[PDB]
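Trainee: Just so it is clear, I am handing over target_32.pdb, which has PDB, C-alpha atoms.
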```
MODEL        1
ATOM      1  CA  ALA A   1       0.000   0.000   0.000
ATOM      2  CA  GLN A   2       1.279   3.433  -1.009
ATOM      3  CA  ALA A   3       2.437   5.596   1.895
ATOM      4  CA  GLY A   4       2.104   9.376   2.122
ATOM      5  CA  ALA A   5      -1.670   9.565   2.540
ATOM      6  CA  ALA A   6      -4.574   8.290   4.628
ATOM      7  CA  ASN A   7      -5.912   6.616   1.487
ATOM      8  CA  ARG A   8      -3.268   3.890   1.423
ATOM      9  CA  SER A   9      -4.542   1.925  -1.573
ATOM     10  CA  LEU A  10      -2.619  -0.664  -3.584
ATOM     11  CA  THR A  11      -0.773   0.126  -6.800
ATOM     12  CA  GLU A  12      -1.715  -3.365  -7.970
ATOM     13  CA  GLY A  13      -4.486  -5.781  -7.002
ATOM     14  CA  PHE A  14      -7.363  -5.251  -4.574
ATOM     15  CA  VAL A  15      -7.938  -5.421  -0.821
ATOM     16  CA  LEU A  16     -10.839  -7.580   0.355
ATOM     17  CA  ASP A  17     -12.331  -6.857   3.777
ATOM     18  CA  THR A  18     -14.129 -10.025   4.857
ATOM     19  CA  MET A  19     -15.180  -8.482   8.166
ATOM     20  CA  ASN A  20     -17.338  -5.822   6.517
ATOM     21  CA  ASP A  21     -17.881  -7.852   3.348
ATOM     22  CA  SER A  22     -16.551  -5.034   1.171
ATOM     23  CA  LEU A  23     -13.924  -4.869  -1.571
ATOM     24  CA  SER A  24     -11.598  -1.861  -1.558
ATOM     25  CA  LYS A  25     -10.361  -0.628  -4.935
TER
ATOM     26  CA  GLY B   1      -4.461 -21.236 -11.579
ATOM     27  CA  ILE B   2      -6.009 -20.009  -8.333
ATOM     28  CA  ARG B   3      -3.620 -19.837  -5.379
ATOM     29  CA  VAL B   4      -3.930 -18.935  -1.703
ATOM     30  CA  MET B   5      -1.039 -18.209   0.658
ATOM     31  CA  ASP B   6      -0.336 -16.351   3.900
ATOM     32  CA  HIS B   7       0.919 -12.770   3.704
ATOM     33  CA  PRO B   8       4.652 -12.628   4.401
ATOM     34  CA  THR B   9       4.405  -9.788   6.894
ATOM     35  CA  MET B  10       0.734  -9.693   7.863
ATOM     36  CA  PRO B  11      -0.437 -12.613   9.999
ATOM     37  CA  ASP B  12      -3.997 -11.326   9.654
ATOM     38  CA  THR B  13      -3.866 -11.112   5.861
ATOM     39  CA  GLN B  14      -3.714 -13.743   3.125
ATOM     40  CA  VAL B  15      -2.872 -13.463  -0.572
ATOM     41  CA  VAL B  16      -5.094 -14.813  -3.346
ATOM     42  CA  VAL B  17      -4.249 -15.187  -7.034
ATOM     43  CA  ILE B  18      -7.042 -15.112  -9.613
ATOM     44  CA  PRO B  19      -6.222 -16.038 -13.204
ATOM     45  CA  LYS B  20      -7.558 -14.238 -16.275
ATOM     46  CA  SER B  21     -11.155 -15.034 -17.206
ATOM     47  CA  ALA B  22     -11.803 -16.555 -13.784
ATOM     48  CA  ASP B  23     -14.953 -15.556 -11.903
ATOM     49  CA  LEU B  24     -13.393 -13.197  -9.363
ATOM     50  CA  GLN B  25     -16.798 -12.541  -7.807
ATOM     51  CA  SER B  26     -17.297 -16.228  -7.023
ATOM     52  CA  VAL B  27     -13.776 -16.369  -5.596
ATOM     53  CA  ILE B  28     -14.476 -13.354  -3.389
ATOM     54  CA  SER B  29     -17.758 -14.886  -2.228
ATOM     55  CA  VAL B  30     -15.874 -17.935  -0.959
ATOM     56  CA  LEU B  31     -13.241 -15.760   0.711
ATOM     57  CA  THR B  32     -15.867 -13.712   2.548
ATOM     58  CA  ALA B  33     -17.589 -16.887   3.733
ATOM     59  CA  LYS B  34     -14.527 -18.708   5.057
ATOM     60  CA  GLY B  35     -13.004 -15.389   6.116
ATOM     61  CA  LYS B  36     -15.650 -15.184   8.837
ATOM     62  CA  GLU B  37     -16.115 -18.882   9.585
ATOM     63  CA  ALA B  38     -12.723 -18.959  11.297
ATOM     64  CA  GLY B  39     -10.849 -15.653  11.248
ATOM     65  CA  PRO B  40      -7.536 -14.576  12.764
ATOM     66  CA  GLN B  41      -6.994 -12.573  15.948
ATOM     67  CA  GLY B  42      -7.293  -9.359  13.940
ATOM     68  CA  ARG B  43      -9.454  -8.375  10.970
ATOM     69  CA  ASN B  44      -9.366 -10.877   8.113
ATOM     70  CA  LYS B  45      -8.231  -9.356   4.819
ATOM     71  CA  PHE B  46      -7.247 -10.817   1.452
ATOM     72  CA  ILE B  47      -5.077  -9.384  -1.319
ATOM     73  CA  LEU B  48      -6.476 -10.120  -4.771
ATOM     74  CA  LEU B  49      -4.049 -10.502  -7.673
ATOM     75  CA  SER B  50      -5.189 -10.370 -11.299
ATOM     76  CA  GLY B  51      -3.511 -12.978 -13.499
ATOM     77  CA  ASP B  52      -1.795 -16.330 -12.980
ATOM     78  CA  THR B  53       1.449 -15.703 -11.109
ATOM     79  CA  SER B  54       2.636 -19.303 -11.388
TER
ENDMDL
END
```
Show me the file's structure as structure tokens.

Mentor:
Amino acid sequence: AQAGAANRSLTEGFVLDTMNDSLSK
Amino acid sequence: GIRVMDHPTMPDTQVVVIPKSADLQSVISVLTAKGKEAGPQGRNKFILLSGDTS
């Protein structure tokens, strides 16, 4: 996950939250 | 094809590989099911990779 912001998204692939049943893009 | 392995650095996260043309949504559905059936100490997350990395 890219640092330097609160919105630390991936540069490749997705993050799946199976606790809230929600996919983060 | 489809692979699943523990995250090197994140005990609470696993890594999943989904090959091209595969039904990602069906794969996710399974992950969300089993992700809650057991679960780690922390919040269960998966990292989804597009393409066959084998």

Trainee: Set the cut-off to 8 Å and count all atoms listed in the file: what are the residues of chain B that reach chain A? Output as an NGL selection string.

Mentor: :B and (28 or 31-33 or 35-36 or 43-50)

Trainee: Take CA of residue 7 (chain B) and CA of residue 39 (chain B) and report the distance between them in Å, one decimal.

Mentor: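 CA of residue 39 (chain B) lies 14.3 Å from CA of residue 7 (chain B).
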
Trainee: Mind checking which residues fall within 10 Å of residue 52 (chain B), counting only C-alpha atoms, ignoring those fewer than 6 positions away in the same chain, and posting them as a ChimeraX atom specification?

Mentor: /B:1-3,17-20

Trainee: Got time to write the residues from that selection, C-alpha atoms, as a compact mmCIF listing (two decimals), in the coordinates of the input?

Mentor:
```txt
# COMPACT_ATOMS: atom_id res chain seq x y z
CA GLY B 1 -4.46 -21.24 -11.58
CA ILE B 2 -6.01 -20.01 -8.33
CA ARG B 3 -3.62 -19.84 -5.38
CA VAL B 17 -4.25 -15.19 -7.03
CA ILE B 18 -7.04 -15.11 -9.61
CA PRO B 19 -6.22 -16.04 -13.20
CA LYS B 20 -7.56 -14.24 -16.27
```

Trainee: Any idea what the distance is between CA of residue 37 (chain B) and CA of residue 12 (chain B)?

Mentor: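 Separation between CA of residue 37 (chain B) and CA of residue 12 (chain B): 14.3 Å.
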
Trainee: Between CA of residue 53 (chain B) and CA of residue 8 (chain B), what is the spacing in Å?

Mentor: 16.1 Å

Trainee: Please write out, as lines of an AutoDock Vina configuration file, where the centre of an axis-aligned box around all listed atoms of region 39-51 of chain B lies and how long its edges are, in Å to one decimal, after adding 8 Å on each side.

Mentor:
```
center_x = -7.2
center_y = -12.0
center_z = 1.2
size_x = 23.3
size_y = 23.3
size_z = 45.4
```
